[PDB]
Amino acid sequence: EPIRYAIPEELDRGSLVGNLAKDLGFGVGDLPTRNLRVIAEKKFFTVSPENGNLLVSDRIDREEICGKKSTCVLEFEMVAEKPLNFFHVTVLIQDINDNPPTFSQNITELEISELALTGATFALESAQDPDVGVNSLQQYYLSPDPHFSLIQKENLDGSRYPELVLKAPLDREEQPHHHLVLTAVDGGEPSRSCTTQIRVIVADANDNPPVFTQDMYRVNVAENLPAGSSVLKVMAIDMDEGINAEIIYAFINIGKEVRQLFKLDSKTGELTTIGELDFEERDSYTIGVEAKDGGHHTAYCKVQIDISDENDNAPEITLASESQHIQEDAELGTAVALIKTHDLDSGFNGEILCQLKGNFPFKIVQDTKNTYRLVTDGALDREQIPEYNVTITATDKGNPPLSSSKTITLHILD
């Protein structure tokens, strides 16, 4: 007694579903006398009491009725009169591919670090299709990109979902963004399609250690350099981004001799002096510099600071004599006093020229480069001149030249 029909959805009003009169043993000779009607909470079908045909009266949208059910059937009752009887009529609504696939968003972003190995799989969002059956099964295609490809797997129910695969390593320092296009095409007639853009943001990874612009920082300064003066500036380049590019500079393998003399900026890398340079104490400094980032990648270089000799030391004079006593009967050339000179500076700043300032019966006789001898070159007499105030002046050959004066009293004994 029950009867089932099968019509496609989205049929215009008046489309023939079937002949309920012919298909139930109802002769037309008593059709209007039985008043064939259709009772239903949702009025989707009507019956013409003239011929007994079951037609449609409203829009039959399968997605509004059943949704995503595999089978969409409608069960209503038909009422006849004289006598009153019920006729259960089932109507299976067939699904047509009238709805295209849709992604949740037109543009989707994905963050992938540079450390993604070749072959890494990244999950993608599947497209939804309001239809069922073959009109809902999707085929996913990715636009050709030399870095990314697409693999398509199936679930247990047969539904297909895309997954992004990496076929080329990602280098943010070469290309931080990748624009892909994913297209979902269902397997119905006609084949409806939709596209979406995938913005792949290459996340930074600490894979580039710091690199100094110079493997050796060699500079020459003077020892009279004041404290705090700028000596040089080391520079390191880190091609990464953010914390993986911030560089801190610091000294390594250093001692208190150099720690109390120089200062390295932890941010700008400027090398200054916190102490006093002295060419006589140390003429060359070799310091190791460390460049470290957030990823603990270290870079090492050496800095050599040369110091020039400045004429900041005056020649001192050392004298010696036989209790600074001279016999008035001494012969010409008798050693009266011994002179020793030395200058702490090097080069021509250390060479000394000793002079005899004044007019005395003596003369300077050079023996070595630093030892002089004061001999007699005139007559002596206690009752005439009892004492001589001999002044010795030694001047270096630097620029500006410095000198010192050493006066010794030489008594004349009888």
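Don't overthink the numbering: it's just position in the shown sequence, from 1.
Trainee: For the C-alpha atoms alone, is the average B factor greater in 35 to 43 or in 348 to 356, going by the entry?
Mentor: Higher mean C-alpha B-factor in the PDB entry: 35 to 43.
Trainee: With reference to the PDB entry, specify whether the mean Cα temperature factor is higher for 53 to 61 or for 22 to 30.
Mentor: In the deposited entry, the stretch with the higher C-alpha B-factor mean is 22 to 30.
Trainee: Highest recorded C-alpha temperature factor, please, choosing from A123, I339, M235, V185.
Mentor: The record points to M235.
Trainee: Looking at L180, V221, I201, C72, which has the highest Cα B-factor in the entry?
Mentor: That would be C72.
Trainee: Report the third (lowest, middle or highest) to which the CA temperature factor of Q214 belongs, ranking only the modelled residues of the same chain.
Mentor: According to the entry, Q214 has a C-alpha B-factor in the chain's highest third.
Trainee: Quick check on the deposited entry: does the C-alpha B-factor of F148 sit in the lowest, middle or highest third of its chain?
Mentor: According to the entry, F148 has a C-alpha B-factor in the chain's lowest third.
Trainee: Determine, from the deposited record, the chain-internal third of the Cα B-factor for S48: lowest, middle or highest.
Mentor: Top third by C-alpha B-factor.
Trainee: Looking at the temperature factor on the CA atom of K256, which third of the chain's modelled residues does it land in?
Mentor: CA B-factor rank for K256: highest third.
Trainee: Using the B-factor values recorded in the entry, state whether the Cα atom of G333 falls in the lowest, middle or highest third among the modelled residues of its chain.
Mentor: Lowest third of the chain for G333's C-alpha B-factor.
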